[PDB]
Amino acid sequence: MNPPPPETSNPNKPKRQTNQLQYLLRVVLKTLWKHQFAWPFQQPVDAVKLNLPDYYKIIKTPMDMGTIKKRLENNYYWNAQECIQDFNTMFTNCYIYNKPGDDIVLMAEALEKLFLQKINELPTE
Ligand SMILES: Cc1cnc(Nc2ccc(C3CCN(C)CC3)c(F)c2)nc1Nc1ccc2c(c1)N(S(=O)(=O)C(C)(C)C)CC2
């Protein structure tokens, strides 16, 4: 059985719109979403469908771009670093579950390099 997906709404947490959070949605998330390599990362890993019974035994902090998109839309992050951490979790999860040189790993590495290039242009705090 898959776990419930990550929470994406926190109605009691204060909310703010900032230049950095807007950029993370409209530039960073949007660019990664549209990359040819994005599809495996756009929704939670369906370990039942993929027949990966060990996935959620190994990966205890799952994260995906669909969740990150919803969190940005719902103002779930107060600080830009919370969102960056989620992207980093998604990439490292791929490296943890898989092995160096696997196709999925090479795909995540390319997405991570593009991510870091976009974060290099994050608007000033
Ligand atoms: C976020 C993430 C992290 N880690 C993995 N690992 C992983 C390991 C083994 C297998 C199966 C797959 C290979 N055969 C078929 C038997 C063993 C696997 F499906 C995934 N998947 C992920 N997502 C993800 C989602 C959907 C799909 C994916 C991947 N693929 S895919 O094969 O990776 C690709 C993209 C075509 C290269 C198929 C569709």
Side-chain angles (χ1 to χ4, degrees), residues 2-125:
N2 296 322
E7 193 43 79
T8 57
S9 210
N10 202 352
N12 285 348
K13 190 173 171 162
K15 302 182 191 283
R16 64 181 176 180
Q17 276 75 3
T18 69
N19 56 341
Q20 300 192 327
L21 292 171
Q22 180 186 27
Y23 179 92
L24 283 161
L25 182 55
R26 305 281 172 231
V27 172
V28 182
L29 181 283
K30 191 179 194 188
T31 294
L32 298 174
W33 191 273
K34 295 169 56 180
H35 197 293
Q36 286 65 54
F37 305 169
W39 87 98
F41 305 100
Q42 286 173 343
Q43 294 300 140
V45 169
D46 187 346
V48 179
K49 184 184 74 116
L50 296 171
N51 191 23
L52 306 173
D54 63 343
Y55 186 85
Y56 291 107
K57 302 159 136 233
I58 291 160
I59 299 298
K60 297 301 194 192
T61 314
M63 188 49 56
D64 61 281
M65 299 175 188
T67 295
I68 293 169
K69 181 179 182 284
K70 286 170 168 169
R71 287 179 171 198
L72 287 158
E73 289 159 351
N74 300 344
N75 310 291
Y76 192 88
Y77 306 121
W78 182 260
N79 292 319
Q81 189 54 48
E82 304 175 81
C83 174
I84 292 167
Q85 182 182 318
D86 275 352
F87 276 103
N88 287 339
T89 291
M90 178 174 85
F91 298 131
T92 57
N93 286 346
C94 183
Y95 311 147
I96 290 169
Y97 182 71
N98 306 282
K99 302 295 191 283
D102 288 347
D103 291 342
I104 192 68
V105 170
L106 298 173
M107 293 172 72
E109 286 175 3
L111 293 169
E112 182 182 24
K113 182 181 171 272
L114 184 56
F115 170 73
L116 288 171
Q117 294 171 309
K118 298 305 182 195
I119 294 308
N120 183 51
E121 288 160 347
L122 189 74
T124 68
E125 189 177 355

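Positions are given from 1 along the sequence.
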J.: Should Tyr97 and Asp54 be marked as a side-chain hydrogen bond (donor to acceptor under 3.5 Å, both in side chains) after you check the CA-CA gap, both sets of side-chain angles, and the distance that decides it?
T.: CA-CA 9 Å; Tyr97 182 71; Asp54 63 343; 2.7 Å; yes
J.: Heavy-atom distance under 4.5 Å between the side chains of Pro6 and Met63, does that happen here?
T.: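 A side-chain contact exists here, since the closest heavy-atom pair is under 4.5 Å.
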J.: With side chain to side chain contact (heavy atoms under 4.5 Å, CB included) as the test, would you mind laying out the steps for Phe87 and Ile119 before giving the verdict?
T.: CA-CA 11 Å; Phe87 276 103; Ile119 294 308; over 6 Å; no
J.: Would you confirm whether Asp64, through its side chain, and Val45, through its main-chain N or O, come within 3.5 Å as a donor-acceptor pair?
T.: no
J.: Hey, could you give me the CG/CG distance between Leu114 and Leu116, rounded to the nearest 0.5 Å?
T.: 9.0 Å
J.: Are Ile59 and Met65 co-members of a hydrophobic cluster defined by side-chain heavy atoms under 4.5 Å apart?
T.: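 Different hydrophobic clusters.
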J.: Which pair of heavy atoms, one from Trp78 and one from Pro14, lies closest together, and at what distance?
T.: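 Heavy atoms only, the tightest pair is CE3-O, 3.4 Å.
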J.: Nearest 0.5 Å, please: how far is CG in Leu32 from NZ in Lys69?
T.: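 If we round to the nearest 0.5 Å, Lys69:NZ and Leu32:CG are 14.0 Å apart.
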J.: For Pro123 and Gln20, which heavy atoms make the closest approach, and how far apart are they?
T.: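 Looks like O-NE2, 2.8 Å.
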J.: Tell me whether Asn75 contacts the main-chain N or O of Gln17 through its side chain, where contact means a donor paired with an acceptor under 3.5 Å.
T.: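 No, the answer is negative, given that no donor and acceptor are paired below the 3.5 Å cut-off.
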J.: Looking at CD of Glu109 and CG of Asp102, how far apart are the two atoms once the value is rounded to the nearest 0.5 Å?
T.: 10.0 Å
J.: Tell me the closest heavy-atom pair linking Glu82 and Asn79, and the distance in Å.
T.: OE2-N, 2.8 Å
J.: With the side chain counted from C-beta on, respond yes when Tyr55 and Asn2 share a heavy-atom pair under 4.5 Å apart, and no when they do not.
T.: no
J.: So how far is it from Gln81 CD to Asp86 CG, rounded to the nearest 0.5 Å?
T.: 10.0 Å
J.: CZ/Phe37 to CE/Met107 distance, rounded to the nearest 0.5 angstrom?
T.: 6.5 Å
J.: Is there a donor-acceptor pair under 3.5 Å between the side chain of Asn10 and the backbone N or O of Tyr76?
T.: no
J.: In terms of hydrophobic clusters joined by side-chain contacts under 4.5 Å, are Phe41 and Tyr95 together?
T.: yes
J.: So how far is it from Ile96 CD1 to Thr61 OG1, rounded to the nearest 0.5 Å?
T.: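 Here the interatomic distance stands at 8.0 Å.
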J.: Are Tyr56 and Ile104 connected in a single hydrophobic cluster, I mean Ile/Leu/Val/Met/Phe/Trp/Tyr linked by side-chain heavy atoms less than 4.5 Å apart?
T.: no
J.: For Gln85, I'd like to know if atom CD has over 12 heavy atoms of other residues, nucleotides or ligands within 6.0 Å.
T.: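 Counting neighbours around CD of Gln85, 12 or fewer heavy atoms of other residues, nucleotides or ligands fall under 6.0 Å, so no.
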J.: Please test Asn93 against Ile58 for side chain to side chain contact (heavy atoms under 4.5 Å, CB included), starting from the C-alpha separation and ending with a verdict.
T.: CA-CA 9 Å; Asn93 286 346; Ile58 291 160; over 6 Å; no
J.: When you measure from the side chain of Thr92 to the backbone N and O of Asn88, does any donor-acceptor pair fall under 3.5 Å?
T.: yes
J.: Here's a test for you: under side-chain contact (heavy atoms from CB on, under 4.5 Å), which of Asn74, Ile68, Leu72 qualifies with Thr8?
T.: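 Output: one option passes, namely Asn74.
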J.: Can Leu111 be reached from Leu106 by stepping across I, L, V, M, F, W or Y side chains whose heavy atoms are under 4.5 Å apart?
T.: no
J.: Tell me, yes or no, whether the heavy-atom count around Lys13 atom NZ, taken from other residues, nucleotides or ligands under 6.0 Å, exceeds 12.
T.: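 Enclosed.
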J.: Which pair of heavy atoms, one from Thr31 and one from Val27, lies closest together, and at what distance?
T.: OG1-O, 2.7 Å
J.: For residues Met90 and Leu52: do they belong to one hydrophobic cluster (side chain heavy atoms under 4.5 Å, members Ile, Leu, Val, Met, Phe, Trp, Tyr)?
T.: no
J.: Is the NZ atom of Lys15 crowded by more than 12 outside heavy atoms at less than 6.0 Å?
T.: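 Count over threshold, so yes.
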